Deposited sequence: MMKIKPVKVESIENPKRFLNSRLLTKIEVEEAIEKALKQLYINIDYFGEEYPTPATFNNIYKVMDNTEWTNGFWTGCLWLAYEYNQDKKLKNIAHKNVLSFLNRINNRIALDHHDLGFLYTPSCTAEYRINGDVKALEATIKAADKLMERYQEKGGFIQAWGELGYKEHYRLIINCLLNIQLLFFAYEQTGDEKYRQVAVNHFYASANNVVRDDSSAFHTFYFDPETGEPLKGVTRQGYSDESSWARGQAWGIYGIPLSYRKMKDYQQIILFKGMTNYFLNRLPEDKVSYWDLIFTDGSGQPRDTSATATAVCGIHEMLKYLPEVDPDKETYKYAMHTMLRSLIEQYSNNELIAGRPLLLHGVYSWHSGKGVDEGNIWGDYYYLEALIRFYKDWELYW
């Protein structure tokens, strides 16, 4: 299958990355510790429940297992567990997993577009870590739900569930759907200039507004920052399982586009059409996600790629900025790990607030840097 041609911008003023100091072991260790203190405080706050997708005045509310974001909370627990092996974390995370299995068994509030986000960082995660058979059972059931239930750039993250099911079961139909859906996404939800786009917001037969579908990005002519990041991370995750060199070129296109539209402090505004002086809020969650994506792609990028070293310094630059300028410093119940994201600009939700996926990808980025991390995805 082929990926359409896209414009790959060269990376502008690469020295803005190359002259940064790499993050040291001590720096990352301390950012991890600071995050974990907040996490342990939050465990007492949430109990066996979950954070809301985003915070309210930088304090999460507490909710049950019925959003698209619940898995990111469990993912934080597993990530922390990767770091200090505290059985308390795994005890609570496993409770979450049991809740996820109940949720899939009863089809409570399930939308196919979110099955990967829900089940990967929670259930697949535990399976990777200790082989738990209930975590595996929950995962495969989610995968099966996604299969029958089977276009947005987000899906690049969601199909990883399907690659996992293929590996676990040897059933090629999981992989055929994953592969087809990758190419459908790349060719229809990425513009020829490498910017992420949106698929139909309206019924293609009647023009009726689609229920539950939110406007992504400032406008039809702009570039939603988190959408761009879903591509930057989703591509290399998919490349692991596909080995199509075109995917690397597409990653370069989408990544360079992102990097070229970063502001002074290298942390993306919520939409890439905005930079310093706009007065628009940042979306740190987009930046944390891009860091994980670049880190992943760098495992596979050839040593002879003239931009490989720039990408390394770029991700260190962005992560440093998140740690130094955007990470939470007030250790009180309900505070996020990372400040200044935006959930849904157009609906006024989670604008300049912490969000749970932002917290998850920030912690994942730290763990990625600190240890040879075996992917949940």
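Not built in the structure, per the record, are deposited positions 1, 152 to 171.
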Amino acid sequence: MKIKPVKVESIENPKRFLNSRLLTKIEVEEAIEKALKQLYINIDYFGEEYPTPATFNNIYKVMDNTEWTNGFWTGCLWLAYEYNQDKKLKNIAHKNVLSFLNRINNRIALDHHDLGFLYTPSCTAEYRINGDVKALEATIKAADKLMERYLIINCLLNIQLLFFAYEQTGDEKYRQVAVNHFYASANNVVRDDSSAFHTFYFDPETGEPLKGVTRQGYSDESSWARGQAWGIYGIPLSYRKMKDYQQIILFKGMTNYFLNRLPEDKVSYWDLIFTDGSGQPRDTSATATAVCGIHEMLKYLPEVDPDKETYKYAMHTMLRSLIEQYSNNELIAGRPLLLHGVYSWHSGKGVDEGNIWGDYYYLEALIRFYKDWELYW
From here on, numbers count along this sequence of modelled residues.
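In this entry, the higher average B-factor at the C-alpha atoms falls on 173 to 181, of the pair 229 to 237 and 173 to 181.
336 to 344 and 314 to 322 differ in mean CA B-factor, and the higher of the two is recorded for 336 to 344. Within the listed group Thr199, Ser223, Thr289, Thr120, the record reports its top CA B-factor for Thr199. The entry lists C-alpha B-factors for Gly75, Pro306, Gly277, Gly253, and the highest of these is at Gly277. In this PDB entry, the Cα temperature factor of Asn102 sits in the top third of its chain's modelled residues, the highest group. The PDB entry assigns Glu296 a C-alpha temperature factor belonging to the lowest third of its chain's modelled residues. Annotation for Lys7: C-alpha temperature factor in the middle third relative to the rest of the modelled chain, per the entry. When the modelled residues of the chain are ordered by their C-alpha B factor, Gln168 lands in the highest third.
Per the PDB record, residue ranking by Cα B-factor puts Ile248 in the lowest third of the chain.
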